[PDB]
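Take a look at the structure set out below.
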Amino acid sequence: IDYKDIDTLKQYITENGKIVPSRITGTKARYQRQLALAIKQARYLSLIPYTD
Amino acid sequence: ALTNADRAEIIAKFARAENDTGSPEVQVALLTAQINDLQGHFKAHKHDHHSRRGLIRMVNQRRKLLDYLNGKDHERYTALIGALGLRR
Amino acid sequence: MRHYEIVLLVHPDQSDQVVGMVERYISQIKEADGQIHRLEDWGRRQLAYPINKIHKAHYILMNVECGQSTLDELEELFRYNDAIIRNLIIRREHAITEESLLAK
Amino acid sequence: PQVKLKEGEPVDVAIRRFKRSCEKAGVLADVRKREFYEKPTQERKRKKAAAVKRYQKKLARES
Amino acid sequence: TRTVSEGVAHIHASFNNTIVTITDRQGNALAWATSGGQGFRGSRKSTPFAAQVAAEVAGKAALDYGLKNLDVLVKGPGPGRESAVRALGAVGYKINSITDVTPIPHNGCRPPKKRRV
RNA sequence: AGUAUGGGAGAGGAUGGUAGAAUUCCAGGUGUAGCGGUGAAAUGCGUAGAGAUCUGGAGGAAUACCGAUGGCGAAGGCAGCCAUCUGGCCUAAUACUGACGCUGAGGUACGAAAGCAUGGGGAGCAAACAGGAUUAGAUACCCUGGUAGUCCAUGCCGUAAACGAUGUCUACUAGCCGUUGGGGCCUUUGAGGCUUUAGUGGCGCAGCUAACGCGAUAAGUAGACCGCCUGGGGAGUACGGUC
Ligand SMILES: NCCC[C@H](N)CC(=O)NCCC[C@H](N)CC(=O)NCCC[C@H](N)CC(=O)N[C@@H]1[C@H](O)[C@@H](OC(N)=O)[C@@H](CO)O[C@H]1NC1=N[C@@H]2C(=O)NC[C@@H](O)[C@H]2N1
């Protein structure tokens with residue numbers, strides 16, 4: 001998963017902007033790590049908010 | 001860092017037969033090249049102890065291979081250390 | 001030569017001037033050597049949070065291949081150009097040429 | 001949160017809904033966590049105990 | 001003297017005290033009341049009843065400017081964050097939204113040491 | 001035991017840059033009697049305009065969520081993001097060398113926190129210290145402040161319940177259930193199900209143990225080498241020596 005796919009990125013973000021754990025999403029661990037990296041990159045690039 | 005071309009050139013220079021990669025001459029030549037290359041890195045990063053451990057391991061492995069080669073054949077050992085410019 | 005992906009955020013006031021800068025950087029990369037593998041303009045987009053009291057930005061994506069020195073020169077240019085407010089440089093394996101999701 | 005109010009909703013349902021959203025978010029737990037400094041030793045001990053409890057709960061609900 | 005229609009109510013709720021500040025939009029204060037301002041000095045400043053009294057006093061004070069609708073922002077833990085909203089609704093403003101704005105560090109400064117009570 | 005070539009996972013290490021949240025201080029706007037703190041208070045701050053709220057600056061330190069009997073490292077330890085330099089590990093099949101191995105007295109390298117030296121930095125926290133409480137007393141626990149230090153550069157010190165209170169290497173000895181990184185196979189289309197390998201956990205047959213317990217990650221069955229113990233105090237002390 002790449003940081004540009006904000007449509008998939010928002011699926012794993014709570015309302016206030018936090019990352020949703022794999023405990024809830026059922027995501028596999030490697031995918032979860034890639035997803036967290038993509039979310040942080042998008043936050044830096046201002047495609048998605050850090051909070052709210 | 002050395003590239004595949006550099007390593008292949010060293011292997012071709014020091015090989016003792018066709019497809020020979022495990023001979024003491026080839027192994028010691030590769031180790032010497034790597035050890036000499038890393039000296040530039042440890043000049044800039046004096047406090048990279050975690051990486052310096054690997055260099056110490058390379059030095060120890062080279063010493064063991066040299067001692068084995070000297071035990072097996074003194075002429076090949078002399079020729080190899082002369083070619084590589086090593087004190088011992 | 002290594003492969004790099006560059007994302008540039010340019011001030012909306014320089015939305016017209018973005019074109020000159022892009023050809024400038026492309027020409028510099030080509031003079032060094034290199035190959036531009038992908039170039040995309042995402043246009044003007046709304047920021048998720050204000051940057052320097054600005055709510056809009058012009059987005060540029062480049063996929064380039066270059067040596068070390070040219071990467072340093074590009075980094076210096078991005079640092080000292082006031083039009084660019086944010087940049088992201090990511091080293092990549094292979095080369096990417098497909099149409100991005102965000103460009104549309 | 002940002003619990004906007006419908007015209008039909010009274011203040012009491014507003015408060016209950018906003019309280020539920022705050023429980024979902026968990027801000028108050030964060031505030032109580034950062035009220036005082038917790039040392040790394042105690043933090044690791046607490047997390048290890050939590051892991052043991054989680055595994056035992058999983059085993060109990062499995063059988 | 002000044003007239004505004006929309007408002008905001010900031011409820012600073014804390015384990016020791018609750019402060020209600022009714023402000024216009026863009027945050028210029030219009031009315032404010034705390035528990036100590038109505039009494040309950042010392043340990044009693046933190047009760048929901050004191051929070052409610054402070055909230056009603058602030059709302060009645062702001063009615064002189066005259067506001068119909070307000071957004072409520074709550075900050076902090078502690079008793080009275082719900083009670084104050086209850087009192088404002090009882091006074092009769094219409095609450096547009098209620099959002100929690102308690103600040104959270106992303107591992108910023110080091111907290112004080114633990115109390116050995 | 002080692003080498004060459006393809007592929008893979010990682011808070012492994014060093015250098016530089018950068019991002020957002022929060023605390024503190026400063027300057028303005030609106031605004032007016034309290035705020036703060038506790039078991040309860042008082043010290044303290046406030047009409048010289050505090051606290052609360054909005055805006056704009058300065059600076060330092062640390063990286064919420066992800067996050068996990070998860071991962072990496074010889075151990076000590078390692079957590080935002082990006083680039084540069086760099087170590088080791090896993091995995092497949094060929095090819096290559098041909099015992100090149102294991103352990104290791106002396107020796108040498110690394111080695112948490114506190115501490116020391118020279119020069120910077122200093123938000124928050126906080127030994128010492130000052131005041132307020134509690135107390136028969138309080139030299140403490142609690143509260144209000146607060147210097148060294150915590151931070152950076154370059155060196156020293158060499159100690160911790162530095163712990164798995166369990167030295168390193170090798171082979172063998174029922175099974176069942178998880179989890180991380182890979183390989184292969186099978187259905188059949190997207191996801192599952194079998195095996196194997198290197199880690200990391202929970203039970204448990206045999207065996208072992210004074211017992212507790214350990215039980216393929218042994219404290220079982222054996223082999224190689226090293227370190228250490230010989231009743232409790234005196235005492236890791238005195239003297240001599242090295243640093
Ligand atoms: N090959 C290389 C691999 C290296 C790696 N290291 C893996 C490894 O090799 N491990 C070896 C296993 C040794 C084992 N650790 C010894 C042990 O477990 N107890 C020591 C003897 C104590 C006594 N005989 C039994 C006991 O009192 N038990 C308690 C008890 O059951 C329960 O406590 C309470 N309150 O009832 C539980 C939860 O609190 O804690 C246990 N106690 C503990 N649990 C902890 C734990 O596992 N570790 C660290 C430490 O914290 C441990 N103490």
Side-chain angles (χ1 to χ4, degrees), chain A residues 1-10 13 17 34-52, chain B residues 1 44-45, chain C, chain E residues 106 108:
Chain A
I1 166 162
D2 159 2
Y3 64 93
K4 302 199 253 323
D5 176 327
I6 62 64
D7 258 28
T8 309
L9 290 189
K10 316 214 154 43
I13 285 160
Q34 285 162 24
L35 188 91
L37 189 62
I39 282 179
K40 291 169 188 193
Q41 264 147 6
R43 283 178 185 167
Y44 171 78
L45 277 192
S46 188
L47 299 166
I48 39 166
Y50 279 84
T51 53
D52 301 313
Chain B
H45 311 269
Chain C
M1 299 216 287
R2 298 167 171 175
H3 288 101
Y4 295 97
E5 207 177 291
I6 328 246
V7 187
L8 292 205
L9 269 85
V10 176
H11 198 297
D13 280 355
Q14 320 320 72
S15 292
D16 51 12
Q17 281 87 248
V18 300
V19 184
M21 321 178 335
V22 155
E23 277 58 60
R24 207 185 325 320
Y25 304 139
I26 284 176
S27 300
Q28 200 147 355
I29 298 154
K30 275 166 154 353
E31 288 143 49
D33 196 271
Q35 310 144 356
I36 274 68
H37 274 110
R38 198 164 61 157
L39 194 96
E40 270 152 67
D41 177 9
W42 297 342
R44 298 217 335 191
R45 295 187 39 104
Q46 177 108 36
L47 309 188
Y49 55 88
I51 311 187
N52 297 327
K53 323 190 209 353
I54 303 140
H55 294 76
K56 246 78 190 283
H58 204 170
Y59 279 65
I60 309 178
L61 196 165
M62 321 180 24
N63 275 103
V64 317
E65 170 166 53
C66 63
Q68 192 36 33
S69 34
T70 159
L71 182 63
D72 309 27
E73 284 135 315
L74 281 154
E75 176 121 359
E76 225 58 47
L77 302 204
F78 299 159
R79 177 156 335 249
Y80 293 116
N81 193 346
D82 289 349
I84 322 168
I85 55 173
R86 192 142 303 184
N87 73 53
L88 183 63
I89 312 185
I90 293 181
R91 189 233 190 102
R92 228 97 200 181
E93 324 280 331
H94 331 120
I96 316 194
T97 326
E98 321 96 44
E99 179 35 19
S100 153
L101 262 206
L102 206 75
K104 47 142 280 303
Chain E
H106 297 354

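Below, chains carry the letters A, B, ... as their sequence lines are ordered, and counting in each starts from 1. Any value given below was found using the heavy atoms of this structure, including those in side chains, with hydrogens, waters and symmetry copies removed.
A:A38 approaches A:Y3 most closely through the heavy-atom pair O-CB, 3.4 Å. When all heavy atoms of C:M21 and C:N81 are compared, the closest pair comes out as SD-ND2, 3.6 Å. Contact detail for C:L8 and C:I6: the closest heavy-atom pair is CD2-CG2, 3.9 Å. The heavy-atom pair separating C:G43 from C:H58 by the smallest distance is O-CD2, 3.0 Å. The nearest pair of heavy atoms linking C:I29 to C:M62 is CD1-CE, 4.1 Å.
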For this session: Quick one: do C:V64 and C:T70 satisfy side-chain contact (heavy atoms from CB on, under 4.5 Å)? Show the steps, please.
Result: CA-CA 11 Å; C:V64 317; C:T70 159; over 6 Å; no
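Side-chain contact check for C:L102 versus C:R45: some heavy-atom pair is nearer than 4.5 Å. Considering only heavy atoms from C-beta on, C:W42 comes within 4.5 Å of C:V7 through its side chain. By the 4.5 Å heavy-atom criterion applied to side chains, C:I89 and C:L74 are not counted as neighbours.
Counting only residues at least two apart or on different chains, the salt bridge (charged side-chain N to carboxylate O under 4.0 Å, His left out) pairs with a member in residues 75-88 of chain C are C:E75-C:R79.
Remark: C:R38 engages C:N63 in a side-chain hydrogen bond (donor to acceptor under 3.5 Å, both in side chains) (not counting sequence neighbours). C:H55 is linked by a ring-ring contact (aromatic ring centres under 6.0 Å, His included) to nothing, counting only residues two or more places apart in sequence or in another chain. Residues forming a side-chain contact (heavy atoms from CB on, under 4.5 Å) with C:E31 (at least two apart in sequence, or on another chain): C:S27. Residues that satisfy the side-chain contact (heavy atoms from CB on, under 4.5 Å) test with C:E98, not counting sequence neighbours, are C:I96. Residues meeting the ring-ring contact (aromatic ring centres under 6.0 Å, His included) test with C:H3, sequence neighbours left out: C:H37. Checked against side-chain contact (heavy atoms from CB on, under 4.5 Å), A:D5 has the following partners two or more places apart in sequence or in another chain: A:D7, A:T8, C:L101. Not counting sequence neighbours, the partners of C:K30 by the side-chain contact (heavy atoms from CB on, under 4.5 Å) test are C:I26. Residues meeting the ring-ring contact (aromatic ring centres under 6.0 Å, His included) test with C:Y4, sequence neighbours left out: none. Every side-chain hydrogen bond (donor to acceptor under 3.5 Å, both in side chains) that A:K4 has, sequence neighbours left out, goes to A:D2, C:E5. In this structure C:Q46 satisfies the side-chain hydrogen bond (donor to acceptor under 3.5 Å, both in side chains) test with no other residue, sequence neighbours excluded.
The backbone N or O of C:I54 lies less than 3.5 Å from no partner atom in the side chain of C:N52, so there is not a single donor-acceptor pair.
Here CE of C:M1 is found 12.5 Å from CD of C:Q68. Values are rounded to the nearest 0.5 Å. The CD1 atom of A:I13 sits 4.0 Å away from the CD1 atom of A:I39 when rounded to the nearest 0.5 Å. Atom-to-atom distance recorded for C:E23:CD and C:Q28:CD is 13.5 Å, nearest 0.5 angstrom.
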Less than 3.5 Å apart, which donor and acceptor atoms pair up between the side chains of residues 42-52 of chain A and the rest of the protein, not counting sequence neighbours?
from, atom 1, to, atom 2, distance (Å)
A:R43, NH2, A:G17, O, 2.9
A:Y44, OH, C:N87, O, 2.9
A:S46, OG, C:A48, N, 3.3

